[PDB]
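Quick notes on the structure that follows.
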Amino acid sequence: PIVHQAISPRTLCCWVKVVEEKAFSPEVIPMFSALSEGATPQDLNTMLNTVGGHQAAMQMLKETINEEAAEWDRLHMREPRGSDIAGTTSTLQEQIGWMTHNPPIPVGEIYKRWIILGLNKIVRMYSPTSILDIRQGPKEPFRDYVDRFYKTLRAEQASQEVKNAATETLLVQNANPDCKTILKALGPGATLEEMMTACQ
Amino acid sequence: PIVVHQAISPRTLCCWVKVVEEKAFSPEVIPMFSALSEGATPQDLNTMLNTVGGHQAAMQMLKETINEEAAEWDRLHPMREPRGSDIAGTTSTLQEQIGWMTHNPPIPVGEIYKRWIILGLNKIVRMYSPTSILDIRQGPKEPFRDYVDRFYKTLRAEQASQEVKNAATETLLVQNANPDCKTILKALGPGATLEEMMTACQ
Amino acid sequence: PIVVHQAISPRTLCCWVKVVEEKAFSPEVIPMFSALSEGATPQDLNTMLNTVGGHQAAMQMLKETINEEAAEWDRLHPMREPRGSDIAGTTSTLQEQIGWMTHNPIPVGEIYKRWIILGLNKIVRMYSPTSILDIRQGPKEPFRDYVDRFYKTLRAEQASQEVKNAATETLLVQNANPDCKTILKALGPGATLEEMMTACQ
Amino acid sequence: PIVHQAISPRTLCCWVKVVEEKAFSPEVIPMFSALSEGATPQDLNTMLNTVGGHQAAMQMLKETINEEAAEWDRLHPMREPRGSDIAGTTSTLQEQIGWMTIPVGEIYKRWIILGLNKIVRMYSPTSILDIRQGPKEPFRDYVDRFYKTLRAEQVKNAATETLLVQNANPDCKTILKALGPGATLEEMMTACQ
Amino acid sequence: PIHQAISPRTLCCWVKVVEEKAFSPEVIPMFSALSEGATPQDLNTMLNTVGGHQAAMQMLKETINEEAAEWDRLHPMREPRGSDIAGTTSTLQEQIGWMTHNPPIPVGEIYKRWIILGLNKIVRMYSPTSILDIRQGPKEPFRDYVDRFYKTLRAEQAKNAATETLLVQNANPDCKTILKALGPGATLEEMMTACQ
Ligand SMILES: CC(C)(C#Cc1ccc(-c2ccc(Cl)c3c(NS(=O)(=O)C4CC4)nn(CC(F)F)c23)c([C@H](Cc2cc(F)cc(F)c2)NC(=O)Cn2nc(C(F)F)c3c2C(F)(F)[C@@H]2C[C@H]32)n1)S(C)(=O)=O
Ligand SMILES: CC(C)(C#Cc1ccc(-c2ccc(Cl)c3c(NS(=O)(=O)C4CC4)nn(CC(F)F)c23)c([C@H](Cc2cc(F)cc(F)c2)NC(=O)Cn2nc(C(F)F)c3c2C(F)(F)[C@@H]2C[C@H]32)n1)S(C)(=O)=O
Ligand SMILES: CC(C)(C#Cc1ccc(-c2ccc(Cl)c3c(NS(=O)(=O)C4CC4)nn(CC(F)F)c23)c([C@H](Cc2cc(F)cc(F)c2)NC(=O)Cn2nc(C(F)F)c3c2C(F)(F)[C@@H]2C[C@H]32)n1)S(C)(=O)=O
Ligand SMILES: CC(C)(C#Cc1ccc(-c2ccc(Cl)c3c(NS(=O)(=O)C4CC4)nn(CC(F)F)c23)c([C@H](Cc2cc(F)cc(F)c2)NC(=O)Cn2nc(C(F)F)c3c2C(F)(F)[C@@H]2C[C@H]32)n1)S(C)(=O)=O
Ligand SMILES: CC(C)(C#Cc1ccc(-c2ccc(Cl)c3c(NS(=O)(=O)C4CC4)nn(CC(F)F)c23)c([C@H](Cc2cc(F)cc(F)c2)NC(=O)Cn2nc(C(F)F)c3c2C(F)(F)[C@@H]2C[C@H]32)n1)S(C)(=O)=O
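Residue numbers (the entry's author numbering), protein chains in the order written: chain D, 1 to 2, 11 to 84, 96 to 219; chain E, 1 to 3, 11 to 85, 96 to 219; chain A, 1 to 3, 11 to 85, 96 to 122, 124 to 219; chain C, 1 to 2, 11 to 85, 96 to 119, 124 to 176, 181 to 219; chain B, 1 to 2, 12 to 85, 96 to 177, 182 to 219.
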């Protein structure tokens with residue numbers, strides 16, 4: 001991070025604990041983006057290395073980083100190439116110069132964008148169930164069904180405009196017969212609080 | 001957060024996630040949240056709310072409550098002035114929020130967004146404990162300590178007015194107790210403090 | 001706290024919550040509390056007590072003890098002077114507390131912490147119902163575990179340090195199971211705990 | 001670490025928690041290297057002492073440190099720092115502070135990291151060629167184990187493509203053979219899911 | 001510490026360490042590192058927060074009393100007595116004065132010496148088995164046997184020749200033969216690789 013303080017312990021320890029506990033859920037992307045503020049490519053690589061397990065997801069993230077680096081190289096101190104942004108062929112001093120020079124070339128931000136895109140891909144892939152396939156079970160409380168529905172919806176990552184249409188149609192459509200009837204009788208526009216209180 | 012523009016510290020986010028994971032949604036989550044988000048800007052509050060794993064239904068209800076409060080703000084309040102969606106950090110850059118919060122007289126957008134979030138959290142906590150104070154009753158072979166713990170947890174979750182707190186706590190504790198401990202407590206005499214009651218019922 | 012009025016730090020609250028959750032209510036919670044709340048204002052102490060999950064009965068008893076101490080203060084002690102409910106932070110703004118504690122040469127925060135510590139001592143004494151005289155070594159229980167339980171109950175009781183020596187010396191040997199009782203009686207007077215445990219283990 | 013403030017608690021505590029939870033996996037090397045920034049030899053020894061358990065791995069690390077110290081003494085015959103001076107066994111804190119304020127810390131950390139790499143390679147006994155998908159084993163878990171072993175062993183990339191076909195259960199073997207060459211890992215896993 | 014009160018993170022980490030590791034040798038360096046410049050009151054606060062193991066804490070208190078009596082015999096603001104070093108009969112102001120006076124009276128260092136001696140005793144008591152009694156089991160992996168052997172060695176805190188010969192001596196028949204055939208001077212990595 002940029011002075012140029014070395015990545016703090018607490019940050020790495022918390023990042024490791026997060027990736028271990030939460031597995032790969034949408035909350036890993038904001039957490040990551042918040043723990044890697046102003047981080048240089050070397051620091052981002054140190055963060056990604058400390059990730060235990062999930063090595064398939066890490067390999068897929070590395071593949072996405074290589075794809076973005078190839079695209080950068082095709083479209084484009097010395098100028099930074101694609102593998103230069105990923106911190107494979109650039110010293111910490113070169114990165115510090117690139118990011119601190121005036122005008123600056125924020126290589127850290129670019130690498131973090133690539134990593135966050137890869138993480139979005141990973142999150143979408145770790146939630147295989149589609150919005151249209153989730154339906155309330157027979158003897159399943161409505162709360163658990165709503166939780167699963169909204170978790171899958173956040174994993175899919177569709178535009179908020181489509182978010183509203185899906186939230187309103189699919190939630191009512193896939194409800195079990197009892198709660199389906201209760202909700203259909205509740206009336207249109209019924210807020211989520213009213214539905215949850217009615218079904219409980 | 002502001003205290011310059013320091014980025015939200017790691018410890019804060021990590022502890023907030025750990026709290027929301029461990030305690031689920033209990034009354035102690037509201038003070039914890041309010042204490043971990045001191046001087047936090049709207050973007051930081053949204054970063055905190057995003058890191059909350061699971062409980063996505065409660066987060067949707069919180070978002071709906073925030074939209075309601077924002078509509079009310081816009082109705083009451085038609096650099097530039099901050100609109101409703103600017104307080105919630107949906108249509109305002111970090112620089113605009115910092116400018117609003119650093120001016121004098123400052124427009125504390127952070128405090129307002131935190132008020133809205135705390136109202137939503139009160140709703141969530143009250144809804145996650147569906148049993149009412151008047152519906153909670155001591156079991157047959159349940160020690161008095163466990164019944165008192167459940168009773169006071171439900172009472173703090175309902176969070177009504179203080180007069181309710183005192184009257185309900187003592188009257189309902191004696192009323193809903195099991196027959197044996199009910200008799201023991203009624204024999205203890207009026208004014209009985211909780212310590213004496215627990216010592217008698219053990 | 002006033003070190011300027013710094014807000015209660017996150018790490019402190021998180022460690023306090025984790026401590027109260029893991030250890031339940033054991034004597035070691037009181038020193039921990041007193042050490043984590045240095046110079047804390049009444050609002051900060053209330054924030055700490057609020058974040059305590061579960062154990063709501065003990066917290067209500069603590070609130071009742073705080074009310075008792077506030078009533079005693081109000082009786083003994085009739096900006097303005099702080100009444101009982103002002104010390105507990107129920108009828109005083111953060112600014113009034115900061116002024117009271119920062120005025121040269124009345125640290126109300128320390129007083130509120132004294133009250134809370136008295137309440138916590140009562141709570142700890144109540145959470146250990148067994149008395150020192152009721153603890154006795156089991157049939158096939160290692161001597162180390164019996165000593166651990168004995169000294170845990172002794173620290174929980176919070177009696178006068180005067181009775182500590184008499185009880186530790188007489189009762190520890192008295193409440194031992196027959197085999198280790200004979201071994202220790204043969205060890206001879208003036209033995210240290212290390213020697214006793216080495217002999218029994 | 002270089011003023012010379014004493015090693016902070018948080019660093020030691022996180023190091024202990026990491027070494028305990030993750031045992032000895034490749035992710036321990038970056039963690040160690042990041043937690044010991046500017047640390048003096050005494051600080052590195054304080055870190056190594058607090059490591060609970062895994063005493064066999066710690067003894068192997070100590071032997072590797074002695075080997076590297078002997079090699080240093082052979083290559084390199096205030097005063098000059100000997101081998102046992104870098105390892106902090108025959109040097110006072112003041113001499114270390116003077117030398118680093124000759125980066126003894128970086129050299130000692132290089133030795134320790136080499137030993138830790140050896141330890142990690144030894145903690146993963148399974149070879150890349152022995153891992154094969156089970157009968158009722160999800161493909162994701164098989165891929166995770168494969169890449170974990172590959173990272174532990176530290181050509182590899184070329185081998186990955188052959189091993190993918192090799193470690194494929196008959197059903198998944200047919201699916202992969204039909205998928206066609208040059209299939210990316212994302213596409214491959216999406217097809218096999 | 002040197012006089013801010015002991016920070017939260019330090020106390021919380023100390024409690025978690027004493028809980029997790031129980032009483033193992035690695036607790037002594039950790040303790041010595043967490044109490045740098047700590048006053049006697051801070052050391053007492055650290056020792057109080059230790060949950061459980063109250064027998065070991067009583068033994069530590071007895072060791073502290075022994076060392077305080079020895080000090081009082083050897084050395085018969097005011098001069099610090101035995102109970103003054105342990106923070107039992109001295110106010111925070113007296114400790115701050117003793118430690119801040121130009122002639123350093125290290126109450127922290129002396130109390131920490133006493134506490135570390137007691138803790139070494141406790142650790143030695145928690146590992147009753149001797150190095151010469153440890154032997155590889157019938158169906159026990161060689162790695163676990165080496166780990167137990169070296170843990171016991173660290174508990175004994177007594182060396183290289185004996186440890187290395189006894190390691191091969193106390194092995195299981197199969198691994199004993201394998202190691203004896205491996206040849207002298209083989210490193211532990213090679214031995215473990217052969218026995219794997
Ligand atoms: C990328 C960064 C910089 C960011 C951000 C950012 C900015 C604004 C908002 C935000 C704040 C307040 C409101 Cl009112 C709305 C809102 N209202 S609205 O009804 O759409 C109507 C106005 C159109 N929309 N947004 C998202 C915006 F993009 F429009 C809002 C958000 C909010 C923060 C938030 C989360 C939460 F849990 C509860 C809560 F109170 C607020 N994030 C999301 O809600 C994310 N999410 N998306 C969905 C979708 F799957 F359904 C869902 C959520 C879920 F909430 F988790 C809940 C599962 C359903 N983050 S960074 C690194 O910091 O991550
Ligand atoms: C919103 C913020 C700013 C706040 C606050 C604030 C202010 C004052 C007090 C407080 C302090 C001292 C006293 Cl003596 C009383 C008191 N005495 S009284 O008997 O009512 C009689 C005088 C009328 N009342 N109050 C609450 C006040 F609002 F009246 C008192 C409190 C106290 C702090 C406290 C909690 C605790 F656990 C133990 C303890 F020692 C003290 N909070 C509550 O007690 C909250 N609570 N409410 C109830 C109800 F379900 F029964 C219960 C509690 C429970 F304690 F958790 C316990 C389950 C039963 N918080 S913030 C962000 O920091 O949250
Ligand atoms: C209130 C505050 C400010 C305090 C304090 C304070 C002051 C002095 C001492 C202390 C230090 C050194 C020694 Cl030698 C003695 C000692 N020697 S003596 O044999 O009594 C003989 C001289 C008469 N007595 N004291 C207590 C004093 F008050 F006299 C000693 C202590 C010590 C600190 C300590 C704890 C420990 F775990 C191990 C250890 F090494 C030292 N605390 C106690 O021992 C507490 N305790 N009390 C008993 C009783 F149930 F048996 C027991 C303990 C138990 F240890 F936990 C162990 C279970 C048995 N704390 S605060 C906020 O910081 O809490
Ligand atoms: C008291 C303080 C200040 C200290 C210290 C200090 C100083 C030097 C060394 C040290 C550093 C490098 C080397 Cl090469 C050797 C070495 N090489 S040698 O083969 O003996 C041959 C030269 C004679 N000896 N020493 C110890 C010295 F005293 F001689 C070495 C050590 C080292 C640090 C270290 C630990 C580790 F885990 C792995 C590692 F790589 C290095 N500590 C020990 O090893 C401690 N230990 N002792 C034994 C005994 F039971 F077998 C064992 C260990 C065990 F390692 F845990 C492993 C279980 C077997 N600490 S403080 C507060 O910071 O604690
Ligand atoms: C020693 C220090 C200083 C370091 C470092 C350093 C430098 C560059 C890179 C790096 C960054 C970006 C890219 Cl694109 C590549 C890349 N692309 S490539 O496909 O090889 C093709 C270009 C040739 N290779 N490298 C490694 C380089 F050395 F070549 C890349 C790395 C990266 C950082 C990273 C880790 C991750 F989890 C996901 C991710 F996105 C990126 N580390 C590794 O990937 C390590 N690893 N090695 C293998 C091997 F078993 F297969 C595997 C990984 C695994 F990723 F974990 C995944 C299991 C498979 N670390 S320190 C103290 O900080 O540790």
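Beta carbons: idealized from backbone N, C-alpha and C, even for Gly.
Any C-beta of chain D under 8 Å from that of residue 54 of chain E: yes
CA nearest to the CA of residue 94 of chain E, picked from E/168, E/145 and E/146: For residue 94 of chain E, nothing is modelled; it lies in the interval where chain E passes from 85 to 96 with no residues in between.
So what's residue 37 of chain A in DSSP terms, helix, strand or just coil? Shown here, residue 37 of chain A sits in a helix according to DSSP, grouped into three states.
Contacts of residue 57 of chain B in chain A (Cβ-Cβ under 7 Å): 35 and 38
Please confirm whether residue 230 of chain C and residue 106 of chain C have their CB atoms less than 8 Å apart. Beyond the ends of chain C as shown, which are 1 and 219, falls residue 230 of chain C; an answer cannot be given.
Along the stretch 65-80 of chain E, what residues have a CB closer than 7 Å to any CB found in chain D? If the cut-off is 7 Å between Cβ atoms, the stretch 65-80 of chain E has 67, 68 and 71 near chain D.
With DSSP as the reference, please indicate the residues paired to residue 12 of chain A in a beta bridge. Note: residue 12 of chain A sits in a beta bridge opposite A/2.
8 Å contact criterion, which residue 62 of chain D and residue 32 of chain D should meet: CB distance rounded: 7 Å
Which of helix, strand or coil DSSP assigns to residue 32 of chain E: Assignment of residue 32 of chain E by DSSP, reduced to helix, strand and coil, places it in the coil class.
Comparing alpha-carbon positions, which option in C/71, C/81 and C/59 lies nearest residue 211 of chain B? Selection C/71, C/81 and C/59 evaluated against residue 211 of chain B yields C/71 as nearest (Cα-Cα).
Run through chain D and tell me which residues come within less than 9 Å of residue 276 of chain C, C-beta to C-beta. Any answer about residue 276 of chain C is impossible in this case: the structure gives chain C only from 1 up to 219.
Taking Cβ to Cβ, would you say residue 111 of chain D is nearer than 8 Å to residue 48 of chain D? yes
Is there a C-beta anywhere in chain C that falls below 8 Å from the one on residue 82 of chain D? Cβ-Cβ to chain C under 8 Å: no for residue 82 of chain D.
For residue 56 of chain D, is the beta carbon positioned less than 7 Å from some heavy atom of ligand 5? yes
Smallest Cα separation from residue 80 of chain B: which of B/104, B/96, B/97 and B/69? B/104
Run of the alpha helix (DSSP H) containing residue 215 of chain E, from where it starts to where it stops: Counting along the chain, the alpha helix (DSSP H) containing residue 215 of chain E begins and ends at 211-218.
Select from D/42, D/64 and D/151 the residue whose C-alpha is nearest the C-alpha of residue 215 of chain C. The residue with the shortest Cα to Cα distance from residue 215 of chain C is D/64.
If you run the structure through DSSP and keep just helix, strand and coil, what is residue 87 of chain B? Note on chain B: numbering goes from 85 to 96 directly, and residue 87 of chain B within that interval has no coordinates.
Using a cut-off of 8 Å between C-beta atoms, extract the partners of residue 15 of chain A located in chain E. 42
Whether residue 18 of chain E touches residue 1 of chain A by CB criterion (8 Å): Their beta carbons are not under 8 Å apart, which means residue 18 of chain E does not touch residue 1 of chain A by this criterion.
Could you round the C-beta distance between residue 124 of chain C and residue 85 of chain C to whole angstroms and report it? I think they count as a contact, below 8 Å. Their Cβ separation, rounded to whole angstroms, is 15 Å, which puts residue 124 of chain C and residue 85 of chain C out of contact at 8 Å.
Just checking my contact of residue 114 of chain C with residue 50 of chain C at CB under 8 Å: how many whole Å lie between their CB atoms? 6 Å
Do you know offhand how far residue 139 of chain A's Cα is from residue 46 of chain D's? 48 Å
Neighbouring residues, chain A, relative to residue 166 of chain E (Cβ below 8 Å): 61, 62, 63 and 64
Span of the alpha helix (DSSP H), counted from its first residue to its last, around residue 126 of chain E: 126-145
Residue 57 of chain D, DSSP secondary structure in three states: helix
So, with DSSP's three-state summary, where would you put residue 152 of chain D? coil
Residue 76 of chain E, enclosing alpha helix (DSSP H) - first and last residue: Taken as a continuous stretch (DSSP letters only), the alpha helix (DSSP H) holding residue 76 of chain E covers 63-83.
Residue 67 of chain E, buried or exposed, once every other Cβ within 10 Å from all chains shown has been counted against 16: buried
Closer than 7 Å at the beta carbon, the chain E residues around residue 198 of chain A: Within chain E, no residue has its beta carbon less than 7 Å from that of residue 198 of chain A; the closest one is some 32 Å off.
Compute every distance between the C-beta of residue 186 of chain E and the non-hydrogen atoms of ligand 2, then say whether any falls below 7 Å. yes
Taking only heavy atoms of ligand 1 into account, decide whether any of them is closer than 7 Å to the Cβ of residue 132 of chain E. no
For a test of your reading of the model: does the CB of residue 41 of chain E fall under 7 Å from any non-hydrogen atom of ligand 2? Yes or no. yes
Enumerate in chain order the residues of its own chain whose CB-to-CB distance from residue 171 of chain E is below 8 Å, with the five nearest sequence positions on each side excluded. 146, 148, 149, 150 and 153
Going by Cα to Cα distance, which pick from A/109, A/187, A/218 and A/182 is closest to residue 207 of chain A? A/187
Any chain A beta carbon closer than 8 Å to residue 118 of chain E: no
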